[PDB]
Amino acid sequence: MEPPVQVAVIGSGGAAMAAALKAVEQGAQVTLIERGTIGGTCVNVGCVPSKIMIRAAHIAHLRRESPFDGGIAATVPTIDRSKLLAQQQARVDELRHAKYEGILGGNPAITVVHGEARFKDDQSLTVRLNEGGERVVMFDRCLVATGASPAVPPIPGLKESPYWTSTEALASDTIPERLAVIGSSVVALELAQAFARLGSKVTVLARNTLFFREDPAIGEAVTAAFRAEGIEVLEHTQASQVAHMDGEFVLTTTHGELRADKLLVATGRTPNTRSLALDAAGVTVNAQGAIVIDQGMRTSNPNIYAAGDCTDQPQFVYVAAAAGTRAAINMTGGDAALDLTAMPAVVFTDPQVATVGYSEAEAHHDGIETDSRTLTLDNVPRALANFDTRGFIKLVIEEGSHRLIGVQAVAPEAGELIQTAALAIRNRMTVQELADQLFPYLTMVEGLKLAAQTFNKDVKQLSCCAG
């Protein structure tokens, strides 16, 4: 008789969870090692708490102002952050148990180890247990899903100051009167707007422009939206010195001296691979410290796989989870590959930013001839009925075939409409085909149809005679 394959999984986030359970489903015995709180980033200090805080911020914002204030009185709502934090944390704790702890526990095929793991060789790990001492974990196959951590730049004086990373910001029980934010990452912007809406006077220090690595139209729309609601966005600005004196932060910048009660550093994230002793297992990493893998999540060592934020993969929990599931399949004798061709991405600012497929620049870089159309939101019925036309919907197609290969949008509910675009791309639809489909009038997603029609029709024909 054959013994169950011994699978070791380092981490307990989205990638590790998906892998652990898939491995067990495929008949393997799993030993999962986690050094901190079970659940990793998303449920504890990532997606979940941040989206909850953003929703609370949205309510506070709408109680403060709206496009209908001429007929509906508005007020400055009193905010009790302690109560909001308690509500937020209760849901986080509830989900951690329901989707992580409760599933890992009570399963004789899964052994959870509380400690920090490192490779001993390519078939075993050495674990420094949280309760002291060590333990060796032998394995046939191992999945590294250690995620990433907030990056902290070597700005003089920052290291020893009481600054915040996204974790401390989300866990704060008070809304600071003044919040300075260093960075222009998605995390930086989502938190910047949430705190602003909850009461903070926010100043964002962007080294370049917002969404510098994305299509330029995106950063322009978001920057204008932030400024419109009192958020200061200092472009091409960096702090050369950080100091904390007399109970406040003092930042020396290229724009002058800036003072704030709290400082959020959200420049980016780095892979958690330095404590893994990857060299002992022959696992190669790139210049950024990320573990190199192929579409099957296989590393340079045939018996070791990697998935999630500790690799070069896009940093989204749904990508990490999909990768973990497929890595487990391959660790158990299968043959699976991760396809990210129609991977959507959403930024939970207001308006939201959403993208899928190729941007014009990205297509060109890959030698693809394209054409595009950019429809401003003042052409979308839903936006007009809401009296909020900030934003746009951009479609990118391949020349000749007219196949839709990319969509970028800045608009309320962009995250919802982007999935229609994702399916259109997945099914290799042309813009003509998308435009000929029936869409509900007065929905934001109708904007996709309207934009598609502009490839063969005039903007003046939309919502009238563009069929």
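Quick note: we count residues from 1 along the sequence shown, nothing fancier.
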query: Which of 367-375 and 306-314 has higher mean CA B factor, as the PDB entry lists it; finding: 367-375
query: Of 148-156 and 277-285, the stretch whose C-alpha atoms average the higher B-factor in the entry; finding: 277-285
query: Highest-ranked of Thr111, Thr209, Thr167, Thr254 once sorted by CA temperature factor in the record; finding: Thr254
query: Member of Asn272, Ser200, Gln295, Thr325 with the greatest C-alpha B factor (per the PDB record); finding: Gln295
query: CA B-factor ranking of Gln89, expressed as a third of its chain; finding: lowest
query: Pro176 CA temperature factor, ranked by third within the chain; finding: middle
query: For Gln29, the third of its chain into which the C-alpha B factor falls; finding: middle
query: B-factor third for the C-alpha atom of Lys394 within its chain; finding: middle
query: Among modelled residues of the same chain, the CA temperature factor third for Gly71; finding: lowest
